[PDB]
Amino acid sequence: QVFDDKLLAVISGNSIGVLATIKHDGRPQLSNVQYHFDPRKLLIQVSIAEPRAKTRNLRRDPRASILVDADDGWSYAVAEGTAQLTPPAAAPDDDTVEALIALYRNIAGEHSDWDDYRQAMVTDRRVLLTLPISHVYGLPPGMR
Amino acid sequence: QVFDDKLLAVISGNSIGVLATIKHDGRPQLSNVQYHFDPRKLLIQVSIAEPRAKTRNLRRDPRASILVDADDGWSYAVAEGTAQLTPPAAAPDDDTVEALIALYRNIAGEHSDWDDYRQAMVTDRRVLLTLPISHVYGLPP
Ligand code: NA
């Protein structure tokens, strides 16, 4: 839809969002995440680390939402989906680290020392979060 | 705690945040809200409206969290609480509308036309949401 494309435009137009996961007690857990939006596949990809609260929540209940703010700093879009998570990075060139490399390119371009990047992924036990967008809602720029 | 004050400072330093309510199916519901923060009684105040999803959710389950961004746009603080809601504004002079007028003053001072403001609150079925902060976390700048 034109709408909603106005919401996706808010998502494709930014890189920082509020990730919302579900605590064991059922209430939301919120944090900021950097992301890359794949408009062709309608995916949102995030790099997260195994021992963080957001990761543990998602392994337990894969349902995730991301709110992205528009340029006006008023309006917003929220993407919902069911997260898919890679295993944590365990070797400097396993498929997980390879995917995180591709993610960092999409977000930040060419890395200074890729080999250190590779080692940090293993060390910090990084995970690729892939979130297929199954529903969008929000208040697109242009209305009340 | 030391950590605490740095987070609470983030909340004092802003007036828009992301409000998270809980949907019927257990999923968080997210939206931007404008708020006033009382650093004394440690509570957040928000003007919402009865017809909205966020309000329906909170009347079913009063747990709320609000995330607030630091100036660097990356650091942030989250406050959790159990929401307190007034009845919806029903008459231009009732207690709810008065509370919201006090809130509007705390946020943006004096309003152009209080009489149209009063009316708009009733037409909106506006609600005053009070969130005593029961817990804070996040990543201070
Ligand atoms: Na953590």
Side-chain angles (χ1 to χ4, degrees), chain A residues 2-22 28 30-39 41-46 58 61-70 72-84 103 106-107 129-144, chain B residues 14-35 46-61 64-69 73 76 88 120-127 129:
Chain A
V2 156
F3 176 64
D4 184 74
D5 287 325
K6 292 183 188 282
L7 287 179
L8 288 182
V10 172
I11 291 169
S12 88
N14 201 329
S15 53
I16 305 283
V18 174
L19 176 71
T21 69
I22 308 170
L30 313 176
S31 63
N32 279 339
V33 304
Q34 210 176 26
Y35 70 89
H36 167 75
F37 171 64
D38 187 310
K41 263 135 57 178
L42 287 178
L43 303 184
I44 284 170
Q45 302 183 305
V46 183
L58 281 166
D61 185 331
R63 291 182 296 163
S65 303
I66 303 194
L67 177 146
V68 184
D69 283 325
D72 50 52
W74 173 268
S75 79
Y76 66 93
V78 180
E80 302 190 323
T82 309
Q84 306 169 327
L103 178 59
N106 293 125
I107 294 175
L129 196 196
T130 299
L131 179 64
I133 303 169
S134 70
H135 181 50
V136 181
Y137 61 94
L139 176 68
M143 37 172 309
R144 120 168 240 181
Chain B
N14 204 333
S15 72
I16 180 178
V18 178
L19 172 66
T21 66
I22 302 170
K23 297 158 84 154
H24 193 280
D25 65 10
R27 219 184 248 274
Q29 180 271 341
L30 301 185
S31 72
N32 277 335
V33 291
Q34 192 173 57
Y35 67 91
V46 177
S47 173
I48 68 188
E50 197 66 40
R52 300 282 77 79
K54 58 164 73 62
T55 318
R56 303 182 287 194
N57 290 340
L58 280 175
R59 292 223 188 265
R60 179 201 52 248
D61 184 333
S65 313
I66 303 186
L67 182 154
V68 176
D69 276 329
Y76 69 96
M121 295 297 93
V122 172
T123 291
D124 289 5
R125 294 195 92 197
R126 210 78 196 183
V127 167
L129 152 57

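What's counted below: heavy atoms across the whole structure, side chains too, no hydrogens, waters or symmetry copies. Sequence lines set the chain letters: A, B, ... in the order given, protein chains first and strands last, and positions in each chain run from 1.
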Side-chain contact, heavy-atom cut-off 4.5 Å: A:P141 with A:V10?
-> yes
So which pairs with a foot in residues 7-20 of chain A pass salt bridge (charged side-chain N to carboxylate O under 4.0 Å, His left out), sequence neighbours left out?
-> none
Qualifying residues under salt bridge (charged side-chain N to carboxylate O under 4.0 Å, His left out), relative to B:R125, sequence neighbours excluded | none
Heavy-atom closest contact (A:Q34 atom, A:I107 atom, distance) = CD-CG2, 3.6 Å
Say whether, by atom type as modelled, one donor and one acceptor occur between the side chain of B:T55 and the main chain of B:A49 under 3.5 angstrom.
-> yes
Of all heavy-atom pairs between A:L103 and A:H36, which one has the smallest distance, and what is that distance?
-> CD1-CB, 3.8 Å
Between B:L129 and B:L58, is any pair of side-chain heavy atoms under 4.5 Å apart?
-> yes
Run the side-chain donor-acceptor check on residues 130-140 of chain A: report pairs under 3.5 Å with partners two or more places apart or on a different chain.
| unit_1 | atom_1 | unit_2 | atom_2 | d |
| --- | --- | --- | --- | --- |
| A:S134 | OG | A:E80 | O | 3.3 |
| A:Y137 | OH | B:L30 | N | 3.0 |

Is any side-chain heavy atom of B:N57 closer than 4.5 Å to a side-chain heavy atom of B:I22?
-> no
Taking B:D124 for the side chain and B:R126 for the main chain, is one N or O donor matched with an acceptor at less than 3.5 Å?
-> no
Please list, chain by chain and in numerical order, all residues satisfying salt bridge (charged side-chain N to carboxylate O under 4.0 Å, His left out) with B:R60, sequence neighbours excluded.
-> none
Check: A:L67 and B:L67 side chains under 4.5 Å, non-hydrogen atoms | no
Quick one: list whatever passes salt bridge (charged side-chain N to carboxylate O under 4.0 Å, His left out) with B:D61, sequence neighbours left out.
-> B:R63
Salt bridge (charged side-chain N to carboxylate O under 4.0 Å, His left out): pairs with one or both residues in residues 132-143 of chain A, sequence neighbours excluded = none
Heavy-atom nearest pair, A:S65 first then B:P28, reads OG-O, 4.2 Å
Any sub-3.5 Å donor-acceptor pair from B:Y35's side-chain atoms to B:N14's backbone N or O?
-> yes
Taking the side chain as every heavy atom from C-beta outward, state whether B:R59 and B:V127 have any atom pair closer than 4.5 Å.
-> yes
For the pair A:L42 and A:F37, evaluate side-chain contact (heavy atoms from CB on, under 4.5 Å) and give the outcome as yes or no after the intermediate values.
-> CA-CA 7 Å; A:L42 287 178; A:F37 171 64; 3.9 Å; yes
Do the side chains of A:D69 and B:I16 get nearer than 4.5 Å, heavy atoms only?
-> no
Dump the intermediate steps for side-chain contact (heavy atoms from CB on, under 4.5 Å) on A:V33 and A:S31, then the final yes or no.
-> CA-CA 7 Å; A:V33 304; A:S31 63; 4.2 Å; yes
What heavy-atom pair brings B:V68 and B:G17 nearest, and what distance separates the two atoms?
-> CG2-CA, 4.3 Å
Under 4.5 Å between any side-chain heavy atoms of A:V18 and A:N32, yes or no?
-> yes
Mind listing the closest non-hydrogen atom pair of A:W74 and A:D72 along with its distance?
-> N-OD1, 2.5 Å
